[PDB]
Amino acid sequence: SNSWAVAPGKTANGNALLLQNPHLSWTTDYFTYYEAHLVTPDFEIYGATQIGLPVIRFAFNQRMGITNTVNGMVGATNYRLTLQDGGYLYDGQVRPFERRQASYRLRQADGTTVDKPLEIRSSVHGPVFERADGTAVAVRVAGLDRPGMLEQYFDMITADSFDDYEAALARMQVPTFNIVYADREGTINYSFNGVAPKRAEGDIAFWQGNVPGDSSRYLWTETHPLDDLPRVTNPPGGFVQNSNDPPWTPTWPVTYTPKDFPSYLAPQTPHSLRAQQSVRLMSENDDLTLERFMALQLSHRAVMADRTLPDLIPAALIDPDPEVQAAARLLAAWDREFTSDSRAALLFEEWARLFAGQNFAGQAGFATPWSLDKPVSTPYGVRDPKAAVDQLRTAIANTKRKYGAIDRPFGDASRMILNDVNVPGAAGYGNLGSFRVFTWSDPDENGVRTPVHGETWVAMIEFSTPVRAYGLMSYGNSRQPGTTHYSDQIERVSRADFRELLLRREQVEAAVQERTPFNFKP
């Protein structure tokens, strides 16, 4: 997911800009987004949410709007227990488990159910699970006592002012997410949100592992309030962003550093090439229009090619294998964009899989490591070009096996296919540097591949009066069998042909294709 908010000073017209841009599976049912518009005499909200949620997480209206990205807020702890004498060792003494006898019914092949017993054991930490390898593990989830998650979002997204918004956010009922805000008054905010346990010692990595479950030393009981969390409001840079990077470059110039916060809140890992582009795309541009802001969202640069091909190509041309040489020249001639017509992109991806791992996040291949002091221009270069050429050799073989050639058009292998709609793909893997994301599957036997994950709900809103917004849903507004509203948007996605989002009554009326009168009595 990506998120941008831009202050009026950075825009041509003097109205804030907002990008909602979640990336989630195209298939996982609970991750499916739905777009809707709710209007009462007292509120109005437009946008997307995960199915079965009664409030819109990606909302805007005439006054304000928000968007979300995963921050990985560590709101739980897993403890390795030391079992002894039917209990567990804790602060030098054996402590008995809490235990209840539950049960559940399990549907059989023949449509009957059997009652199955389920013992639930707990330690002071929480419920205890046995791992396949035998490890006794207790899980302690923070914020089990915040019943107000949905109402907070509701009050956040219907806030009448930023203060009201902040007041609602401060309730600490939403246990996770980066959350970005903008409004017609001109305020933009970024918050690193969640329910984080207050701990005395340990960095984020310590708290993500199996914490020892034999001492009250580690059994936290309190959580941080909002103003302990990384936050940014109207920074001198005139924008905020997050693209799943640690919260250390949410704007430029930054307004804080890791030292300003407890070390268990966020990682201090190299920022992804996508995140680096996010910062660049906002910082380097000024006097933004909504049109330009939309054009910038479509960025699909192979930033990793920029960091590696200058060292890779010359090393590759040295190789005696003519096919390696040809591969080098193919890569050399490429404009370094994930476009449909690119003959080099697939080959480059296959090399990068070996150079930077299957996820493309590996760092051990670079010559200059990433540094928070050069957060949009590191890591850089190829550390061992001879090894990297051998990786190209293998990659050439892999590309031909997967795709039939080393120079098959990117958009010919990369298709978006829903129902009977089959259109060319552009853009690609976030970790290669592509801001607009389509996480292509492995190819079928024909070398054809489709997005497992990526662009889903995409909207860009200008907080002018009236507001002006555009969006698309990759996989349509419905998934019910036989719906005409599953594949009716993917063709527009292939051309980046965005729907104007319709908030005004007059607009809704002009566009209506079906009316469902209803009436509710409790």
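Note that residue numbering begins at 1 and tracks the sequence as displayed.
**Q** Given the B-factors recorded for C-alpha atoms, which segment has the greater mean, 89-97 or 427-435?
**A** On average, C-alpha B-factors are higher across 89-97.
**Q** Higher mean Cα B-factor in the deposited model: 405-413 or 104-112?
**A** Stretch with the greater average CA B-factor: 104-112.
**Q** Between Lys400, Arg274, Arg171, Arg140, which one tops the list for C-alpha B-factor in the PDB entry?
**A** That would be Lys400, according to the entry.
**Q** Can you pull the Cα B-factors for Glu119, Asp145, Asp155, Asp183 from the entry and say which is highest?
**A** The record points to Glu119.
**Q** Pull the Cα B-factor of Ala510 out of the PDB entry and bin it into the chain's lowest, middle or highest third.
**A** Top third by C-alpha B-factor.
**Q** Against its chain's modelled residues, does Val240's Cα B factor rank lowest, middle or highest third?
**A** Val240: CA B-factor falls in the lowest third of its chain.
**Q** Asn178's Cα B-factor: lowest, middle or highest third of the chain?
**A** Bottom third by C-alpha B-factor.
**Q** Going by the recorded CA B-factors, say which third of the chain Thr251 sits in, lowest, middle or highest.
**A** For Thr251, the deposited C-alpha B-factor lands in the lowest third.
**Q** With respect to C-alpha B-factor, does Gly194 fall in the lowest, middle or highest third of the chain as deposited?
**A** It falls in the bottom third of the chain.
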